[PDB]
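Here's the structure we're looking at; comments come further down.
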Amino acid sequence: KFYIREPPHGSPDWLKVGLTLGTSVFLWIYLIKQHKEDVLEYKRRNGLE
Amino acid sequence: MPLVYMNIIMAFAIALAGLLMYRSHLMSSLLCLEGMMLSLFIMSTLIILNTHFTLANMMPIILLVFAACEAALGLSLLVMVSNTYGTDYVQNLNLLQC
Amino acid sequence: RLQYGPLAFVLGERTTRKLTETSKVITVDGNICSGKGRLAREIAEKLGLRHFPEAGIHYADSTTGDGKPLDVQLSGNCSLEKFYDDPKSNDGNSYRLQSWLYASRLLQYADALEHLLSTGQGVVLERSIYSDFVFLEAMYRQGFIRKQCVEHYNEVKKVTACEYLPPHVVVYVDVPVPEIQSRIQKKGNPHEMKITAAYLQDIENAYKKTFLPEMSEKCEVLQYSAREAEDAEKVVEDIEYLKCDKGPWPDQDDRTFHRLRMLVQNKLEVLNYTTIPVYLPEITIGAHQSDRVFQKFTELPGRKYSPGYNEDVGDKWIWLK
Amino acid sequence: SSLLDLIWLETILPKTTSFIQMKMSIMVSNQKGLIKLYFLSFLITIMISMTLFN
Amino acid sequence: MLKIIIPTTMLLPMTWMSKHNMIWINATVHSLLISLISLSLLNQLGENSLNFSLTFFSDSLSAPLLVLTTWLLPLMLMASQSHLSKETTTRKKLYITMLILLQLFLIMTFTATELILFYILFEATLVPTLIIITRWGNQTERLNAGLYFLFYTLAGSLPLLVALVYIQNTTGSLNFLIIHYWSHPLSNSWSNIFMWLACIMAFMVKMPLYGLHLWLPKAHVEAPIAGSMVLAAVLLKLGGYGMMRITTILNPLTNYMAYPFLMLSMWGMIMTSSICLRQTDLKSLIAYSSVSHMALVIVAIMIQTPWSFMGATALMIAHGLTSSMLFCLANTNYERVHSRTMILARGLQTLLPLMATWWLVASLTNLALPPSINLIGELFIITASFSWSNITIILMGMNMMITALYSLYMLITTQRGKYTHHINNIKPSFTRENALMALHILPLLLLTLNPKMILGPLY
Amino acid sequence: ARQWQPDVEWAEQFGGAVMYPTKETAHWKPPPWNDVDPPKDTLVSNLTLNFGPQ
Amino acid sequence: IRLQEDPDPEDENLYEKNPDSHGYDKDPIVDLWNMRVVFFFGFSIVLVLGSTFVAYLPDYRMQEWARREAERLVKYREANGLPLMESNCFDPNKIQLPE
Amino acid sequence: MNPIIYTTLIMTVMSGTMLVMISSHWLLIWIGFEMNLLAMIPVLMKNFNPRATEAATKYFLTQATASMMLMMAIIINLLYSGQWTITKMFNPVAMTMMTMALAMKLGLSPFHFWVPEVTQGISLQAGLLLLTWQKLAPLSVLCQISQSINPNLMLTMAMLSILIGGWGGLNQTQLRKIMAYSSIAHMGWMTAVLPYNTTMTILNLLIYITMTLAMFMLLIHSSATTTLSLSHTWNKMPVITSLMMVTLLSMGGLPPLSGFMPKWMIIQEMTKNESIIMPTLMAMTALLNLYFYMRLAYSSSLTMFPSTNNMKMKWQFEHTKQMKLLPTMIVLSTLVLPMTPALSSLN
Ligand SMILES: CCCCCCCCCCCCCCCCCC(=O)OC[C@H](COP(=O)(O)OCCN)OC(=O)CCCCCCCCCCCCCCCCC
Ligand SMILES: Nc1ncnc2c1ncn2[C@@H]1O[C@H](COP(=O)(O)OP(=O)(O)O)[C@@H](O)[C@H]1O
């Protein structure tokens with residue numbers, strides 16, 4: 001212990017850390033799925049594949 | 001247009017010129033502001049009654065409602081200014097400059 | 001919630017509900033080298049209140065980082081011993097010390113109010129910002145400071161102390177000047193032994209003629225001599241049997257208490273007007289000296305980053321914090 | 001160096017323009033903050049916009 | 001061009017992530033490597049330009065300017081590390097960051113293929129320069145100097161922006177290749193006159209043109225050594241490059257509209273040389289020499305013949321190198337005595353021999369001494385102006401005489417004579433300073449050996 | 001031997017009510033630090049009434 | 001005085017602490033290695049290698065190509081009695097003048 | 001003021017603006033204006049002092065007059081067409097009344113004085129909300145009625161706005177007055193491009209809102225309301241001054257910063273319609289705005305002004321409240337020039 005008073009950010013807010021990581025992962029997987037669906041729909045509509 | 005609309009528009013213009021030309025009191029300016037909405041009410045109801053726009057007859061009432069909302073706002077600001085300075089003179093509202 | 005603010009207020013945390021009617025602010029005052037410190041200790045321990053020793057230099061050091069004080073060059077840039085030795089210095093040390101002490105007293109008062117409002121426990125300060133001006137008048141009437149210094153002090157005191165609730169109880173310990181000098185000689189500290197008699201008389205005149213008449217109108221004022229101050233039991237009994245309803249504390253509500261607690265929990269807004277661009281030669285510091293001292297302060301061990309993010313003092317999980 | 005560089009080439013382009021802008025800024029920003037005055041100005045502007053803009 | 005653009009954008013994180021004592025070493029080493037890589041752009045074609053992509057292209061006019069910029073960065077680093085010893089690590093890194101940003105903007109400016117992208121970049125070069133001047137300058141006048149520099153350049157360049165968007169709306173494209181192939185004659189009308197004026201005046205202020213030049217002494221005197229080096233070596237060449245680029249679409253109106261600018265340039269060349277004759281400040285003397293040489297380049301571009309364009313390019317490169325060297329030498333003297341007055345320190349030849357040699361070589365190149373590229377460019381410009389008219393030779397001869405006079409006067413005042421008695425803090429020259437002067441001077445002589453590399457596309 | 005930095009003269013140049021003062025603007029004063037002007041000593045002037053004798 | 005300002009520091013001399021100083025850095029090792037890298041890279045690599053690279057750059061300007069083409073054209077034209085320099089750049093048959 | 005009352009008043013201001021921006025009826029548009037003003041007055045008067053009271057009084061007087069003129073224009077338009085839908089107005093006199101009323105609401109010259117006066121009177125949060133939101137609503141109305149705007153009147157008011165903003169900002173020293181005159185100039189630019197491309201008007205509005213939010217939040221963070229108060233920030237948090245410097249450079253329109261994009265696109269669009277004199281004058285007059293931005297930047301970041309002695313205690317303490325979206329606003333206001341072709345998405 002160094003600080004006379006406990007710092008507000010003494011230990012990581014694990015709830016916030018988990019929410020942040022989960023939100024990032026969810027957004028990334030959603031973006032990947034959305035891109036795949038967009039490519040498939042574009043190819044189907046243009047009659048390419 | 002008949003002369004009646006001319007008279008109502010002239011009255012509105014007179015009330016508008018009254019508001020833009022302060023003399024000493026803020027209360028007189030508020031009275032001029034209330035007269036403008038009276039002229040607007042009269043003009044709108046004259047127009048609506050003449051063309052038999054039946055559903056528009058509720059418009060002048062909403063006009064009156066927001067008229068007196070503005071009058072309430074002005075009276076509140078006037079009492080705060082009077083509490084601060086002792087009089088409702090517009091000359092005392094000079095702390096802020098352009 | 002999890003931190004006081006508008007969300008906590010709309011949730012329903014109310015200062016009046018928190019208080020227990022025994023939450024009082026008591027400030028002990030007296031001339032130099034009196035028994036006010038021991039009397040404050042006794043009152044705080046008997047009433048169960050939290051004691052706040054007189055805020056000298058390095059109080060801000062004690063309340064931040066580690067409790068250990070910092071170098072004088074980095075905390076205050078002023079010396080009480082040097083003030084005693086050469087009161088009429090040519091580097092403005094007297095008024096630098098006075099302004100720094102006023103800022104420290106303001107910070108301590110904010111801390112005391114924050115503790116009282118967040119806990120409901122009363123506080124006993126060994127001096128307040130409402131008694132600090134007596135030393136300014138003593139300095140001015142002895143020629144130690146200038147009229148410009150007095151005016152700057154008055155401006156800062158106005159715009160800062162106008163926003164805080166006055167103490168509930170003001171306990172003044174009246175000790176005659178010759179007794180003050182005798183006690184100073186007995187203590188044996190050379191620096192305060194250099195104190196002249198005219199300086200001590202000016203503080204007493206300021207207390208008697210300005211501070212006590214000014215605080216008598218607000219709330220209760222109790223005055224004791226040396227003998228009466230020695231018996232703290234009667235003082236605590238007198239405090240416990242005070243009837244008063246003419247203070248601003250009864251007039252306070254939950255909204256005003258919320259505003260006050262928001263003000264006092266933010267220490268930078270407390271000190272906001274202590275650094276106003278009034279360029280007195282006493283307090284103004286040049287660009288180069290300011291840059292050098294600020295670089296040194298950042299080079300201090302636990303001062304480069306925020307408290308939770310200093311790796312050299314043993315803070316882990318920084319990458320996830 | 002003196003007559004042209006330090007005096008007249010300074011006076012023609014950068015000094016005269018700066019002086020004009022400073023004077024215009026003083027004129028614009030030197031207002032007493034009176035609602036009577038600038039509301040009379042509003043009235044004049046309304047009249048001018050009504051008459052001169054058709 | 002990405003093989004040169006990306007390494008600079010990697011100089012940025014490397015500078016910010018390197019240790020506190022390795023910043024100068026890393027920046028210098030990798031700047032030199034980037035310069036070596038950029039040397040490969042000198043291999044140009046005889047028919048057309050090097051079209052890398054839709055965005056960047058290189059020509060015989062762009063390539064030497066890019067090489068000069070990339071070679072100039074490490075020299076600025078050396079001078080900066082001379083005068084910024086006591087700065088904090090963050091401020092040193094910010095200084096290097098401003099230099100790196102300036103180099104990146106200059107590279108993209110010279111390689112831009114559209115006039116609008118060229119405008120955006122060559123206006124973006126102002127921000128790092130202004131920050132450098134007004135932040136790390138020494139004296140009080142740095143603030144006024146920054147204001148003058150900024151507002152002169154912007155007042156010049158805004159009508160250029162309006163004219164460029166107008167030309168794009170009119171013709172369909174601002175691409176340099178398209179506007180060269182689809183160029184049409186400009187009729188003699190007031191609208192065309194004012195379009196010509198907008199473009200030319202922007203670049204003339206950037207040159208600078210005589211009468212529009214006060215910002216140059218103000219900024220060059222009051223900027224730090226790196227700022228002075230980049231301002232004279234490269235930033236004055238943006239105006240010449242722009243004029244050599246935009247005048248494709250301004251014909252035949254240039255034949256009639258060039259008279260005021262030619263007269264201004266010639267007479268102001270004479271006037272600024274004469275001003276140099278009677279200057280009490282060394283930096284001001286160097287700045288006015290820069291004004292004279294750029295006036296000569298303006299004359300070349302305005303007369304606009306194939307022999308003048310080669311002279312313009314050669315003189316631009318030579319002046320960049322020579323002015324950078326002169327500023328470095330003056331800065332070393334200033335670091336000795338903490339003053340810019342020319343007559344304060346004397347006898348520096350008997351106190352510092354090798355620096356006297358460097359002063360002699362730099363002053364010899366400052367005047368047109370054959371076979372230096374300075375003389376090559378000046379001689380080509382003089383010949384083209386003679387074919388233009390036969391009194392331009394009179395004006396050019398007067399200018400050459402006065403140029404020799406003031407260059408040798410500066411050398412004699414600073415170096416020869418007897419040393420000032422009370423100046424006893426003149427320590428021996430540093431290896432860093434000597435290496436800086438060598439790196440300024442040796443490439444100039446190598447260019448003299450191979451002169452076809454800096455004569456432009458018209459060669 | 002060190003870079004020039006602004007002093008109290010420069011700061012006082014920048015610390016007026018407005019830049020480029022004139023007579024009226026010099027008669028003006030900078031606003032208070034916390035924007036709270038000191039209250040004016042307005043007189044309440046309570047109504048005085050004779051309640052009686054008639 | 002109007003400020004609490006530091007006195008102007010004395011000029012710091014690199015030769016006092018380090019007699020064999022190159023003027024790059026205060027630390028002797030950093031200063032020596034800065035000198036070594038600057039000299040090596042700049043002089044050796046950039047100067048020598050860039051100069052020889054520029055000297056032996058391939059003839060992409062087609063100077064020698066143009067000289068050989070001109071030699072061939074001169075030989076052919078003076079062998080057949082044609083003028084060495086053609087009178088027109090383009091073909092007047094393919095050019096159509098206005099009436 | 002109670003937090004619940006403050007948040008419901010803010011919700012009412014936003015509801016009034018949204019009613020203005022979604023209504024297809026002139027009466028409902030006027031109702032939205034009235035609701036916005038009524039809920040906006042206490043927000044100005046939140047921190048009670050005579051300056052705030054005077055600023056709120058002047059704001060109320062100006063906005064009430066503008067609303068009266070706007071309702072008169074609506075009634076006159078109804079008289080000659082019998083239509084309530086917000087479209088091209090069918091009477092030139094009604095259109096001129098509407099244009100002047102909306103200009104008075106926006107603060108366009110010569111209806112500008114109230115903007116610096118009110119901004120100086122009210123606090124930093126109140127000024128931020130005022131500038132941003134109260135520019136947001138009338139501009140939407142103008143965009144809806146754009147096709148009947150008198151180009152001569154609109155461009156005259158816009159050019160007057162640019163000139164007046166430049167000169168006032170040149171003279172001022174108070175940060176809130178500087179921000180007010182900056183707002184006047186930017187409104188001038190927007191309304192100048194208004195009769196040609198409402199898309200360019202919206203783009204300028206968005207970039208101006210981003211830059212103003214960043215600047216006002218930096219001022220709130222540093223707690224500086226004057227130039228000299230801002231001159232001490234380098235000794236407590238030097239990063240804030242650097243961010244403020246780059247934001248000020250962006251607001252002056254220097255490339256490649258985000259503030260160059262609106263000026264560039266507006267000049268291009270105006271030149272497409274054979275306007276050259278107006279774009280050249282508008283571009284040249286912005287140099288005054290850049291001058292007083294640069295003068296403000298010299299004091300804060302590029303030079304070190306003298307500090308005081310209690311700044312040491314301020315060093316010892318740390319900033320508590322966290323500004324929301326300040327880094328995002330600072331990035332968006334300086335580094336979005338390469339993303340320019342998104343204005344087609346904005347179309
Ligand atoms: C449409 C939504 C817009 C934004 C709404 C939210 C605004 C308030 C929240 C951000 C406040 C400022 C950022 C700093 C926060 C510091 C406090 C902290 O530790 O925050 C942690 C937080 C992650 O916590 P968590 O609750 O998990 O967040 C995701 C939601 N579950 O970490 C963060 O919050 C940091 C990352 C925030 C998200 C990126 C920044 C906003 C911009 C998103 C992209 C859009 C860009 C253009 C914006 C304008 C046009 C729409
Ligand atoms: N405003 C002030 N100016 C100068 N000195 C002060 C000020 N406030 C307190 N001091 C010094 O701090 C010390 C406070 O302790 P004191 O009042 O003597 O109680 P104790 O006898 O318990 O030490 C005194 O020596 C006094 O001189």
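The chains in the structure tokens are called A, B, ... from first to last as shown; in each chain the residues are counted from 1, and the ligands are counted from 1 in the order shown.
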Just list as JSON, numbers by chain whatever in range 56-299 of chain C DSSP marks as strand (DSSP E).
{"C": [123, 124, 125, 169, 170, 171, 172, 173, 220, 221, 222, 223, 224]}
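Within 9 Å of residue 101 in chain E, once only C-alpha atoms are used and residues closer than 6 positions along the same chain are dropped, the contacting residues are residues 8, 9, 12, 125 and 128 of chain E.
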Output file for the residues above (N, CA and C atoms, as a CSV table (one decimal), in the first residue's frame):
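Okay, this is what ended up in again09.csv:
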chain,number,residue,atom,x,y,z
E,8,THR,N,8.1,7.1,-43.7
E,8,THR,CA,8.0,8.3,-42.9
E,8,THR,C,6.9,8.1,-41.8
E,9,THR,N,5.8,7.6,-42.2
E,9,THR,CA,4.7,7.3,-41.3
E,9,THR,C,5.1,6.2,-40.3
E,12,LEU,N,7.3,8.0,-37.5
E,12,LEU,CA,6.5,8.5,-36.4
E,12,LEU,C,6.5,7.6,-35.2
E,125,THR,N,1.3,22.1,-45.3
E,125,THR,CA,2.7,22.3,-44.8
E,125,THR,C,2.8,23.5,-43.9
E,128,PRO,N,2.8,22.6,-39.4
E,128,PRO,CA,4.0,22.2,-38.7
E,128,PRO,C,5.0,23.4,-38.7
Grab me every residue within 6 Å of ligand 2, counting only C-alpha atoms and all ligand atoms, and send it over as a ChimeraX atom specification.
/C:32-34,37,98,101,132,135
At most 9 Å from ligand 1 (only C-alpha atoms and all ligand atoms): residue list as a list in words:
residues 13, 15, 16, 17, 18, 19, 20, 21, 22, 23 and 24 of chain A; 321 of chain C; 210, 322, 323, 324, 325, 326, 327, 328, 329 and 332 of chain H
I need the contact residues of chain E against chain C, so if you could list those with any atom within 12 Å, counting only C-alpha atoms, and return them as a PyMOL selection string, that would help.
chain E and resi 86-90
Chain C residues near chain A (10 Å cut-off, only C-alpha atoms) as a JSON list (two decimals) with N, CA, C and O atoms, in the first residue's frame:
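That gives us out38.json:
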[["chain", "number", "residue", "atom", "x", "y", "z"],
["C", 3, "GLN", "N", -20.93, 6.16, -6.62],
["C", 3, "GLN", "CA", -20.22, 7.44, -6.54],
["C", 3, "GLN", "C", -21.27, 8.53, -6.46],
["C", 3, "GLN", "O", -22.21, 8.53, -7.26],
["C", 62, "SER", "N", -0.36, 15.70, 2.89],
["C", 62, "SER", "CA", -0.85, 14.64, 3.76],
["C", 62, "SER", "C", -2.11, 13.99, 3.19],
["C", 62, "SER", "O", -2.32, 12.79, 3.39],
["C", 63, "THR", "N", -2.95, 14.76, 2.50],
["C", 63, "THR", "CA", -4.21, 14.21, 2.01],
["C", 63, "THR", "C", -4.11, 13.57, 0.62],
["C", 63, "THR", "O", -5.11, 13.01, 0.15],
["C", 64, "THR", "N", -2.96, 13.64, -0.04],
["C", 64, "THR", "CA", -2.82, 13.13, -1.40],
["C", 64, "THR", "C", -1.61, 12.22, -1.51],
["C", 64, "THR", "O", -0.64, 12.35, -0.77],
["C", 65, "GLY", "N", -1.68, 11.29, -2.47],
["C", 65, "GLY", "CA", -0.57, 10.37, -2.69],
["C", 65, "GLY", "C", -0.31, 9.55, -1.45],
["C", 65, "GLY", "O", -1.22, 8.99, -0.85],
["C", 66, "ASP", "N", 0.95, 9.48, -1.06],
["C", 66, "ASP", "CA", 1.30, 8.96, 0.25],
["C", 66, "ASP", "C", 1.21, 10.08, 1.27],
["C", 66, "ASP", "O", 1.31, 11.26, 0.93],
["C", 67, "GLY", "N", 1.02, 9.70, 2.53],
["C", 67, "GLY", "CA", 0.87, 10.71, 3.57],
["C", 67, "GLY", "C", 2.11, 11.55, 3.81],
["C", 67, "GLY", "O", 2.01, 12.62, 4.41],
["C", 68, "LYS", "N", 3.27, 11.09, 3.35],
["C", 68, "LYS", "CA", 4.51, 11.78, 3.64],
["C", 68, "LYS", "C", 4.52, 13.15, 2.96],
["C", 68, "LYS", "O", 4.02, 13.29, 1.84],
["C", 302, "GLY", "N", 5.09, 8.74, -7.19],
["C", 302, "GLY", "CA", 3.72, 8.36, -7.49],
["C", 302, "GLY", "C", 2.88, 9.50, -8.02],
["C", 302, "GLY", "O", 1.69, 9.60, -7.70],
["C", 306, "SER", "N", -2.24, 8.92, -12.93],
["C", 306, "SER", "CA", -3.32, 8.88, -11.95],
["C", 306, "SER", "C", -2.99, 7.86, -10.87],
["C", 306, "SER", "O", -2.15, 6.98, -11.07],
["C", 307, "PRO", "N", -3.62, 7.97, -9.69],
["C", 307, "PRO", "CA", -3.25, 7.08, -8.59],
["C", 307, "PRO", "C", -3.32, 5.60, -8.92],
["C", 307, "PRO", "O", -2.44, 4.84, -8.49],
["C", 308, "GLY", "N", -4.30, 5.16, -9.68],
["C", 308, "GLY", "CA", -4.34, 3.73, -9.91],
["C", 308, "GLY", "C", -3.42, 3.21, -10.98],
["C", 308, "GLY", "O", -3.39, 2.01, -11.23],
["C", 309, "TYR", "N", -2.63, 4.08, -11.63],
["C", 309, "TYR", "CA", -1.93, 3.72, -12.86],
["C", 309, "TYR", "C", -0.43, 3.96, -12.77],
["C", 309, "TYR", "O", 0.24, 4.09, -13.79],
["C", 313, "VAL", "N", 5.07, 2.28, -8.27],
["C", 313, "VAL", "CA", 4.64, 2.16, -6.88],
["C", 313, "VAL", "C", 3.88, 0.87, -6.63],
["C", 313, "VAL", "O", 3.30, 0.69, -5.55],
["C", 314, "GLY", "N", 3.85, -0.04, -7.60],
["C", 314, "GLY", "CA", 3.28, -1.35, -7.37],
["C", 314, "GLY", "C", 1.81, -1.47, -7.72],
["C", 314, "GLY", "O", 1.05, -2.11, -6.99],
["C", 315, "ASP", "N", 1.41, -0.87, -8.83],
["C", 315, "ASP", "CA", 0.05, -1.00, -9.34],
["C", 315, "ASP", "C", 0.07, -1.96, -10.52],
["C", 315, "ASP", "O", 0.79, -1.74, -11.49],
["C", 316, "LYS", "N", -0.73, -3.02, -10.42],
["C", 316, "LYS", "CA", -0.80, -4.05, -11.45],
["C", 316, "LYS", "C", -2.10, -3.90, -12.23],
["C", 316, "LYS", "O", -2.95, -3.06, -11.92],
["C", 317, "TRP", "N", -2.25, -4.75, -13.25],
["C", 317, "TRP", "CA", -3.44, -4.79, -14.09],
["C", 317, "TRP", "C", -3.72, -3.43, -14.73],
["C", 317, "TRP", "O", -4.87, -3.04, -14.92],
["C", 318, "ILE", "N", -2.66, -2.71, -15.07],
["C", 318, "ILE", "CA", -2.83, -1.39, -15.69],
["C", 318, "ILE", "C", -3.45, -1.53, -17.07],
["C", 318, "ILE", "O", -4.30, -0.72, -17.46],
["C", 319, "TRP", "N", -3.06, -2.55, -17.82],
["C", 319, "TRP", "CA", -3.58, -2.75, -19.16],
["C", 319, "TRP", "C", -5.07, -3.08, -19.18],
["C", 319, "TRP", "O", -5.68, -3.02, -20.24],
["C", 320, "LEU", "N", -5.66, -3.42, -18.03],
["C", 320, "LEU", "CA", -7.08, -3.72, -17.93],
["C", 320, "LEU", "C", -7.79, -2.78, -16.96],
["C", 320, "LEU", "O", -8.84, -3.12, -16.41],
["C", 321, "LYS", "N", -7.23, -1.60, -16.75],
["C", 321, "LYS", "CA", -7.77, -0.69, -15.75],
["C", 321, "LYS", "C", -8.19, 0.64, -16.36],
["C", 321, "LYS", "O", -7.52, 1.17, -17.24]]
Neighbour list for residue 12 in chain F as an MDAnalysis selection string, cut-off 12 Å, only C-alpha atoms, skip fewer than 2 positions in-chain:
(chainID C and resid 277:280) or (chainID F and resid 6:10 14:19) or (chainID H and resid 173 227:228 231 299 305:306)
Output the selection as a short mmCIF file (atom, residue, chain, number, x, y, z; two decimals), in the first residue's frame - N, CA, C and O atoms for each residue.
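File written: out.cif
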data_model
loop_
_atom_site.label_atom_id
_atom_site.label_comp_id
_atom_site.auth_asym_id
_atom_site.auth_seq_id
_atom_site.Cartn_x
_atom_site.Cartn_y
_atom_site.Cartn_z
N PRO C 277 -5.54 35.03 -12.25
CA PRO C 277 -4.44 35.81 -12.85
C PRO C 277 -4.35 37.23 -12.32
O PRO C 277 -4.57 38.19 -13.06
N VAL C 278 -4.04 37.37 -11.04
CA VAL C 278 -3.68 38.65 -10.44
C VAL C 278 -2.18 38.61 -10.20
O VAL C 278 -1.70 37.82 -9.39
N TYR C 279 -1.44 39.46 -10.90
CA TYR C 279 0.01 39.33 -10.98
C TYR C 279 0.69 40.15 -9.88
O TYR C 279 1.30 41.19 -10.12
N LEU C 280 0.56 39.66 -8.66
CA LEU C 280 1.38 40.20 -7.59
C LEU C 280 2.80 39.65 -7.70
O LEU C 280 2.98 38.46 -7.98
N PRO F 6 6.71 34.78 -22.25
CA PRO F 6 5.94 35.96 -21.85
C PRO F 6 6.07 36.27 -20.37
O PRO F 6 6.20 35.37 -19.53
N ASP F 7 6.04 37.55 -20.06
CA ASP F 7 6.15 38.05 -18.70
C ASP F 7 4.87 38.79 -18.33
O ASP F 7 3.87 38.77 -19.06
N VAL F 8 4.90 39.45 -17.17
CA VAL F 8 3.71 40.12 -16.66
C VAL F 8 3.25 41.22 -17.60
O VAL F 8 2.05 41.49 -17.70
N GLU F 9 4.17 41.87 -18.32
CA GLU F 9 3.77 42.90 -19.27
C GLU F 9 2.90 42.31 -20.38
O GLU F 9 1.83 42.84 -20.71
N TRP F 10 3.35 41.20 -20.97
CA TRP F 10 2.57 40.52 -22.00
C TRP F 10 1.22 40.07 -21.45
O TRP F 10 0.17 40.27 -22.08
N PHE F 14 -2.76 41.13 -22.43
CA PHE F 14 -3.86 40.23 -22.77
C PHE F 14 -4.97 40.16 -21.72
O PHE F 14 -5.97 39.48 -21.95
N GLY F 15 -4.82 40.85 -20.59
CA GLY F 15 -5.78 40.69 -19.51
C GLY F 15 -6.81 41.79 -19.31
O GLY F 15 -7.42 41.87 -18.24
N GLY F 16 -7.01 42.64 -20.31
CA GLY F 16 -7.98 43.71 -20.19
C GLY F 16 -9.40 43.24 -20.40
O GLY F 16 -9.68 42.06 -20.60
N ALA F 17 -10.33 44.20 -20.35
CA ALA F 17 -11.72 43.89 -20.66
C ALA F 17 -11.87 43.49 -22.12
O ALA F 17 -12.57 42.53 -22.43
N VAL F 18 -11.23 44.23 -23.02
CA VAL F 18 -11.20 43.92 -24.45
C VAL F 18 -9.81 44.23 -24.98
O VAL F 18 -9.03 44.97 -24.36
N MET F 19 -9.49 43.66 -26.13
CA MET F 19 -8.30 44.09 -26.85
C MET F 19 -8.56 45.47 -27.46
O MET F 19 -9.71 45.86 -27.68
N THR H 173 -11.79 39.48 -25.77
CA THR H 173 -10.89 38.72 -24.91
C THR H 173 -11.57 37.61 -24.12
O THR H 173 -10.89 36.68 -23.69
N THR H 227 -9.03 34.72 -21.18
CA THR H 227 -7.76 34.37 -21.81
C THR H 227 -6.69 34.06 -20.78
O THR H 227 -5.96 33.07 -20.91
N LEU H 228 -6.59 34.88 -19.74
CA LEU H 228 -5.54 34.68 -18.74
C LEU H 228 -5.80 33.43 -17.91
O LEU H 228 -4.86 32.74 -17.51
N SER H 231 -4.47 30.81 -19.80
CA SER H 231 -3.02 30.86 -19.89
C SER H 231 -2.31 30.07 -18.80
O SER H 231 -1.11 29.83 -18.91
N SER H 299 -1.54 32.35 -26.48
CA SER H 299 -1.55 32.48 -25.03
C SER H 299 -1.63 31.13 -24.33
O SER H 299 -1.05 30.96 -23.26
N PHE H 305 2.86 31.44 -20.22
CA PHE H 305 2.58 32.60 -19.40
C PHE H 305 2.97 32.34 -17.95
O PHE H 305 3.09 31.19 -17.53
N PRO H 306 3.18 33.40 -17.16
CA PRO H 306 3.47 33.20 -15.74
C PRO H 306 2.33 32.50 -15.02
O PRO H 306 1.16 32.67 -15.36
#
DSSP alpha helix (DSSP H) residues within chain A, listed as a PyMOL selection string:
chain A and resi 14-46
Can you tell me, as a ChimeraX atom specification, what residues are no more than 10 Å from range 24-28 of chain G when counting only C-alpha atoms, ignoring any on the same chain fewer than 5 positions away?
/E:21,24-25,78-79,81-82,85,430-433 /G:13-15,17-19,33-35
Within 6 Å of chain D: each chain H residue with its shortest pair, only C-alpha atoms, as a Markdown table:
| residue | atom | partner | partner_atom | distance |
| --- | --- | --- | --- | --- |
| H:167 | CA | D:25 | CA | 4.2 |
| H:168 | CA | D:29 | CA | 5.1 |
| H:171 | CA | D:25 | CA | 5.6 |
Identify, on the basis of only C-alpha atoms, every residue whose closest approach to range 36-50 of chain F does not exceed 9 Å; exclude the query and any residue fewer than 3 positions from it along the same chain; express the result as a ChimeraX atom specification.
/B:84-86 /C:159 /F:31-33,53 /H:48-51
Could you give me, as a PyMOL selection string, the residues within 12 Å of residue 47 in chain B, counting only C-alpha atoms and dropping anything in the same chain fewer than 6 positions from it?
(chain B and resi 1-2+4-5+8+40-41+53-54+56-57+59-60) or (chain H and resi 75-83)
Give as a ChimeraX atom specification every residue of chain H that touches chain G within 10 Å, counting only C-alpha atoms.
/H:306-309
Any chance you could export the current selection's N, CA and C atoms as a compact mmCIF listing (two decimals), in the first residue's frame?
# COMPACT_ATOMS: atom_id res chain seq x y z
N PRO H 306 3.18 33.40 -17.16
CA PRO H 306 3.47 33.20 -15.74
C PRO H 306 2.33 32.50 -15.02
N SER H 307 2.69 31.71 -14.03
CA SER H 307 1.73 30.99 -13.21
C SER H 307 1.75 31.57 -11.79
N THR H 308 1.00 30.94 -10.90
CA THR H 308 0.91 31.38 -9.51
C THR H 308 1.46 30.29 -8.59
N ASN H 309 1.27 30.48 -7.29
CA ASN H 309 1.87 29.61 -6.30
C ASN H 309 0.97 28.46 -5.86
